[PDB]
Amino acid sequence: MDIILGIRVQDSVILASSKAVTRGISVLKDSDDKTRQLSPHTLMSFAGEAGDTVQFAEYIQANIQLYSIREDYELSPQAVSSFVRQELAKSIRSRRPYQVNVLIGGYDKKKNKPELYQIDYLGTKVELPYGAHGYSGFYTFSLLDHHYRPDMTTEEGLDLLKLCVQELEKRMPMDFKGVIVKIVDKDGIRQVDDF
Amino acid sequence: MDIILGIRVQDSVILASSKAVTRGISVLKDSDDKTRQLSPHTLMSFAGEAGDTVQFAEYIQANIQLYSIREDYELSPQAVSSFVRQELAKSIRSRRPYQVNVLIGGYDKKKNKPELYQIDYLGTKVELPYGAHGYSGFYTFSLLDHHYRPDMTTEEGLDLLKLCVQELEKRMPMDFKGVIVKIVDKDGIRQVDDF
Amino acid sequence: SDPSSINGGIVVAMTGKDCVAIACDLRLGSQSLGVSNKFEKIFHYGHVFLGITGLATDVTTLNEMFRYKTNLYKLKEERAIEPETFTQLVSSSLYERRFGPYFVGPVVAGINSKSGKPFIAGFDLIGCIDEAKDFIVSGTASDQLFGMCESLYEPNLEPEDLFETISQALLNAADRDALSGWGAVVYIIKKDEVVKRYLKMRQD
Amino acid sequence: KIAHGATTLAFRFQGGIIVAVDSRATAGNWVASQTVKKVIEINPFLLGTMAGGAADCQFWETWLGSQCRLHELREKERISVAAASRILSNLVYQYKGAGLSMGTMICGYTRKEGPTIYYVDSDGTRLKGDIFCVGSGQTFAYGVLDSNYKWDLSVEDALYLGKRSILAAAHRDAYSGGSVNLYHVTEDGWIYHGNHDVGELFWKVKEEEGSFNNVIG
Amino acid sequence: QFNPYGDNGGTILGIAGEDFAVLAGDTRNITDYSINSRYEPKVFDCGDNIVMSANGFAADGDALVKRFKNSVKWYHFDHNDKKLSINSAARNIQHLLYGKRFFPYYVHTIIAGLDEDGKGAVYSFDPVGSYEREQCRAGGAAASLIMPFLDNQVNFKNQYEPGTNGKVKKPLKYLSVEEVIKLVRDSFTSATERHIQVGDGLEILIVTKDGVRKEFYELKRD
Amino acid sequence: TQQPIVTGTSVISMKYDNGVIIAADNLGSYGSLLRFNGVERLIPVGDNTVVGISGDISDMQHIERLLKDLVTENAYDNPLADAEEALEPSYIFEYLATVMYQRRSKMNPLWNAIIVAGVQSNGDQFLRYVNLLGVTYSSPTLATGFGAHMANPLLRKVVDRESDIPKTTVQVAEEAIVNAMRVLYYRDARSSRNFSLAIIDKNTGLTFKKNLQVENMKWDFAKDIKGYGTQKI
Amino acid sequence: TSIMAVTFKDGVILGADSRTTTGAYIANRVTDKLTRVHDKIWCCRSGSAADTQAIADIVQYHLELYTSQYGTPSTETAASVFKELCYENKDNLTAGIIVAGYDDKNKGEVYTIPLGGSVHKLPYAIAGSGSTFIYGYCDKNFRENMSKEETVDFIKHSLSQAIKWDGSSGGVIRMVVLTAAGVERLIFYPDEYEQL
Amino acid sequence: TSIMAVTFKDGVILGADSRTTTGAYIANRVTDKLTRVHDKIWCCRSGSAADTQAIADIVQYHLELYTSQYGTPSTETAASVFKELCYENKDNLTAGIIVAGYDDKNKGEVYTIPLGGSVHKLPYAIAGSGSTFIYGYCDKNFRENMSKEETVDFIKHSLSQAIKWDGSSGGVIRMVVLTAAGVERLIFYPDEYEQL
Amino acid sequence: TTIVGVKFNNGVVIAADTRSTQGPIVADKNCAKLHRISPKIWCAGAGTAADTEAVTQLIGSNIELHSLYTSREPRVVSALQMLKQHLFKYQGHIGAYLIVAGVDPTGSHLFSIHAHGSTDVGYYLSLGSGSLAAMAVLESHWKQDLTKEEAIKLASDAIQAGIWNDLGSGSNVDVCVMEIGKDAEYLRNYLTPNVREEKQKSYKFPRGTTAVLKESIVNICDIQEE
Ligand SMILES: *[B]([O])([O])[C]([C][C]([C])[C])[N]C(=O)[C]([C]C1=[C][C]=[C][C]=[C]1)[N]C(=O)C1=[C]N=[C][C]=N1
Ligand SMILES: *[B]([O])([O])[C]([C][C]([C])[C])[N]C(=O)[C]([C]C1=[C][C]=[C][C]=[C]1)[N]C(=O)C1=[C]N=[C][C]=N1
Ligand SMILES: *[B]([O])([O])[C]([C][C]([C])[C])[N]C(=O)[C]([C]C1=[C][C]=[C][C]=[C]1)[N]C(=O)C1=[C]N=[C][C]=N1
Ligand SMILES: [Cl-]
Ligand SMILES: [Cl-]
Ligand SMILES: [Mg+2]
Ligand SMILES: [Mg+2]
Ligand SMILES: [Mg+2]
Ligand SMILES: [Mg+2]
Ligand SMILES: [Mg+2]
Ligand SMILES: [Mg+2]
Ligand SMILES: [Mg+2]
């Protein structure tokens, strides 16, 4: 799929993902949720080749849910991100690699800190205050480089995110049909229904 | 460029043309007028390869304006369309062909009839009640086939045109940044500034 | 397309009097797009230091692999691995993937704990050992680094002098490479103390 | 390996036109130059920006200056920005297919037109507009421009906006950097507003503005 | 298929002083892994106190220099023996190069001399004629090895004054002709060590108000 | 654009104290077929120049005709054609170099590598190379094709730099050339035993030697070589 | 490569040039292309040096193991083992081999195995790039039941011409004589065979 | 195609097979490849039938016009006109021609012009696809100053072998004898030359 | 790369240059191309550096185990056979071009081996990009019944020809002499005709020239007691 954005503020991680799904000539859907909850305090958004994206996301989801039941314990965002990276690093030298890029937004309950990880299909992991995949960063990073602070509130993070989406809607050729925004904090994961 | 539409109603011809100009990655402009007045009662819209579109349109414009001065007389839409077709038919077997598709909307003052001509870059001319170029027809023709009447008013034509643009804005992947609409009738050419 | 120049980056190592130095830039990119200015390319297992340039996923994977192997080494051997021995392990590990290689440019640096002798080594992506006396270079600005090192370097430099030489070699090489820069780190390594210094440089 | 990579912009405002460019030229990953002049001084009243082919832009915009000089000798009047931009676009259109590489903003300020900018392309495109941004770092500069642009900017604030937008691109785009060249175009001619090293400019802007908190300084 | 281009290797270096200019180049000429000549002059005195080198494909390089020398001759005939200034020579060379825009001279051209105020001047060109005045420019095979060193030792890049710690830059003090030649020699000696196409000999042409002087130095022959 | 059909292999040459020596074998190959065994690839121009040519033989014969026509043209309205205004090696080379570069620039080259050896009016040795690309260079030793890889290393041991030229006699220089031709016969699969050699001396003039053969060859040791490793019989 | 094997009254003689080339460079001017797979069963090798060496080594192994179990193998048997390797691995091999041997029962025999891996029993055989130039000469000059001296002259004259015209052939002319008397190696140098 | 020209005591004799092929189909089994460009200047044609016919027709025109102005042309002159056409149009031509002629002053001469358009004066020449197989035979059997009967036998035996081994060569062996006496055509059929 | 091998009276000598290159860049100026397969069996390698190293170590390891198994000193023909069969199996993809030499109870031996697995026997051999320059010298000066001193001279002269005339070769000459009834003598940097001249200037910087953001001590020691 197309645009996925991420920003880590003071006490939460915010992920924004486009709603459009395009089969070449036509836009088949305008309400697609490009994310999966891996654990109560960990969310993963994704974009890449059709089919592979959902198949990979659900495979990861199943593995983390299995771990949660076995140990009766939630893995840290760092631990989940490392597991996901290894799977993609394994995948890139396979017969047919997963063509999937992901952002992992999680709140570490032990350290009481939000964490955002950017991982591409090669298995290239980086921890960032804000991140993106594809062409999304080319438009948005200049705005984030200017306005971003580590001590921003969740509301300020959403406002900065609106400015990023507005710039995308102005300068990108493709109509991505807006974004679904989700917030990850100490209380868990929730969706912003009006954006 | 992208989308150009045309519809011939009772007493006028309406041309609608997208405002976007895209240089690969970025949308450089969102207010581009993809048309040229060939004579007081003849308008030509255009779409195709960059540069060739404007160069061709202006070349045609100059030739028709030259004819108008020489004879002190306005050529009929049919006569202008035949001239344009011949130029494109000449062009297709040249060293480097004009990669340009056009619609010619004109009001014939002799016959008191609106006329719409569709001509592609090969020099393929057809007279139609409504027409389009590129992928525009794939979305819009089903609506026009259902709703169109030869006795429609200009206002009804604009309403049917709005329905076509709405369907394009829903199902097309590219953001074409709306359309500039122009009306050609007995009184000449005017632009609908609110659409 | 070329795996060794997608992410960009550089590593350089030098020997001095009773010391060694290893340094790297901090950039990680996706071709033209700068992604991270905190991607450190130098790792250490005990007193042995390893710098790795090239494809970033392989950089990360190999670090995790050599941490894995040096930890098992230590448990069985009951001692920390030495630079000479680690160099052979890196070579062996890379060559086992002869026809499906990790797209990397590793650089080993350290001092032998028993003999006290300074040691550096470089490799190609498939295992060949370059054991130079003077200096080793790696990454997308290796040509630039060769030019800097070959003119700036002199033997038997004191730790604080060696710091200046290797820093200037890295900085000026990085500034002539689009895919390198965005910060830098320098390790000064002595027999029983190691100092780590982040350098101030242009951020374009 | 011809040189490649750039960030160039130009925008119309109350006080005329701001032109801002980076200074970097790269042959692959190798940085060939950090001191490239990407604004061509066509004449004292007209400016052009360099993106795509360096020679193509240099050669044909110098040539354009010669044509503009011949026009005003013959017509005893300053050439319009519309006419000048058209001489260049018609010229490159003749060469279409042969492999010219050009993406430029022809910038001027005349009595009849006011401040005017034309984007001219090697595939024959000629677009009038208020804000243009061309090069490998164009998307980064557009972000800063779009969110801060107003018609009623002061000359001082407009100059800074153009400087700040190139800096944004220079930071993120690997093939942009070196230094920033600023120009202000008025009706009585263009005025040069200096060369600004990006290395020094970045730290200065970081401290004074509070931006780039992601970068340690 | 016939390939009209070739690569003769070699490396050139132009540095502009305060009241002088140098244009240096190695004397080795090669194809693939063979040496054609250990001494094949590459930097030329073109008259009017201008020195020139067109590095890359030697056939195109010789053709361009030959045509420029010819241009200087006809400039004298057509304009009453007027001295061709370095800036005017630079613009003329652009038109020579761009004249073959669609079948280029496969060379990196550098000229050196004095401007009309007597100050040192170096101009640099790409194969299709884009040019720029510069203080310092290396061209050819080992250009990537030499330029970063010159940035550091001529323009004092990344160098700051002790005690201040990054706050005060090292001041850009002017270099003498003796100092420049030292940097040229060390640039080529270092390039020779790490680049196979660089070696054999180094020929330097120095331009001052008094005229054009030559200096030669041996380089490693392996 | 073409492909070379009938081809000539190496041309080798060097400078010595009083002049220059040049040599080339008498073969015209047709791919791997050693078709023509009596081809002269050294072509003298006057009494002061010898042009040695390798590569395409049809193009060599064309160049041979150009040089023949050049001598005729120079004699026209020229009372000093056999004296002060005679053709120099430098004149002949520059002409060929001009033609070679012009032909490559029309994408229709003369598929040759050429060495012009001679002695100038003032006694100076002339030795310069030109090929299908118009590339030119000079050196105390020059060779084409395989000669560049095998002959030059041997000839450079005699004359390594400019200062070695006055110390090198005609006997030592000829010896080195003849040895190089033997080495090329051992190792070049498109060479022949028969060759021509030319000496241009400032005192004794042009000496053109035809029907020379490679001699004093070492082959006896071949009898002791058996199998490719383990085989004893 | 110019190779040949010729049956005569007392047995068979193998002949070969000594040139190995990488393009136009002669990588070995004194190569031994006459190879032993059994006491009195030898072969001439043409094509890839690596492939024909690998094949010959495998055949020697097979015939050594054959001998330990079943006694001396026939020349036909040796040819069959060569064929099996050349036929079954035709996609990956470039090998043109002539097999020649002497039995007491069957006397001198020659089998040629071209690229495809087919087998052809012949009174004499020629192969390699240089053989093309002597099809005419060999066909006109070969007779059955020649003497040793006549057969040596036939091979010497034939390979001399093949060497003269083929750039890929040259050096010394090696020969191996297979009779009841034993195994004799012969060598002939350029000065001898060029003047023929 | 198998073609050759051989000088001898009384003059020169041209020889050729009669096969024309489109791939493996014989489009003409009785082709005449020995062609007349002047009374006693003939040529042997190999390569493209169209190209070599076009060239020969042009040469015949040039030599006819030469004769009207300057009298009888030399064989060298005829070869030069052939060369000019083959050399200058090398990119577009596939023609391997042997030129043979008889003067009274120069006697029998032979010039071969291969693909590149080079010229080579020789005592005898062989060309065409089938010539490869008789380089050995011809080199061993050619002598200078042979008699008419010996030269006919040499060509007959040579082309017989070339035909035997080359699929592109076959049919009858045509020959043309050029001497002071005049022009004589000879033909030899399969039953005659196959049993040689 | 220039590598050579020369037979003499009572043994064999091999030699090599010391330049390694990545394209037109010199990766290592003093590279060691003479490899030990066993105490008295050495080989020089050209081509892909990792491959020549790896294939020598593997066969050298198996040769050692074979020597221990058979209670016999290893033979050159065994190293030759093991190397060629390994290289043949990998169809030339293992880019190792070797000159194998040594002394054993059978005598003194000299072989070449190419990447595709073909072997050759000779009294004098040369491999690598400078093999033509070296072979020119060998073909000019080689004779039968060379002494130890003459063979070393000839071998090193052949390498020099490669050093000076081939751009793929340079720096120093390494030699190894293997004589019958003696220890093999490995002469590392036998000749050193390419020492760099003194530089015109010293580029030692004043202390504090480089701008620094942060300093910190790195903990290389283990977790401490108490
Ligand atoms: B001969 O030319 O066929 C010859 C016989 C071989 C057994 C020594 N072959 C080669 O020389 C081949 C190349 C070749 C030439 C002509 C036809 C087929 C093959 N050479 C090699 O195999 C070779 C060359 N250099 C190194 C290793 N191997
Ligand atoms: B001979 O084989 O070269 C022959 C001589 C020709 C003058 C009669 N040529 C051909 O038969 C050619 C094909 C060819 C075969 C072998 C080598 C080169 C060329 N054939 C034709 O030209 C031909 C065939 N059919 C119709 C027309 N032309
Ligand atoms: B020599 O030139 O053959 C030399 C001998 C080698 C065994 C030490 N070879 C090389 O230097 C090779 C050249 C080469 C380059 C690229 C692909 C294959 C071969 N170089 C290396 O193997 C090499 C290059 N860079 C780093 C390490 N090794
Ligand atoms: Cl072999
Ligand atoms: Cl015919
Ligand atoms: Mg990533
Ligand atoms: Mg950089
Ligand atoms: Mg940048
Ligand atoms: Mg950057
Ligand atoms: Mg060098
Ligand atoms: Mg094989
Ligand atoms: Mg031969």
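Chain naming here is simple, since letters A, B, ... match the order of the sequence lines and numbering starts at 1 in each. Remember, it's 1-based here, ligands and their atoms both numbered in the order they're listed.
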Find, among atoms of E:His195 that are N, O or S, the one nearest to the Mg ion (ligand 10), and state its name.
O

Is E:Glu193 paired with I:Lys29 through a side-chain N to carboxylate O contact shorter than 4.0 Å?
yes

Hey, is the Mg ion (ligand 10) within less than 2.8 Å of some N/O/S atom on E:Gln197?
no

Determine whether C:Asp175 and C:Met201 make a side-chain contact, defined as any pair of heavy atoms from C-beta on separated by less than 4.5 Å.
yes

Just by distance, with hydrogens left out, do C:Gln168 and I:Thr210 show a side-chain donor and acceptor under 3.5 Å apart?
yes

So, of the N/O/S atoms that C:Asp177 has, which is the nearest one to the Mg ion (ligand 7)?
O

Both conditions, 6.0 Å and 45 degrees, for the charged tip of D:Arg172 above the ring of D:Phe140: are they met here?
no

Presence of N, O or S from C:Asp175 under 2.8 Å of the Mg ion (ligand 7)
no

N/O/S atom of E:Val198 inside 2.8 Å of the Mg ion (ligand 10), strictly under
yes

In terms of side-chain geometry, is the basic nitrogen of E:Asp200 or E:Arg28 positioned less than 4.0 Å from the acidic oxygen of its partner?
yes

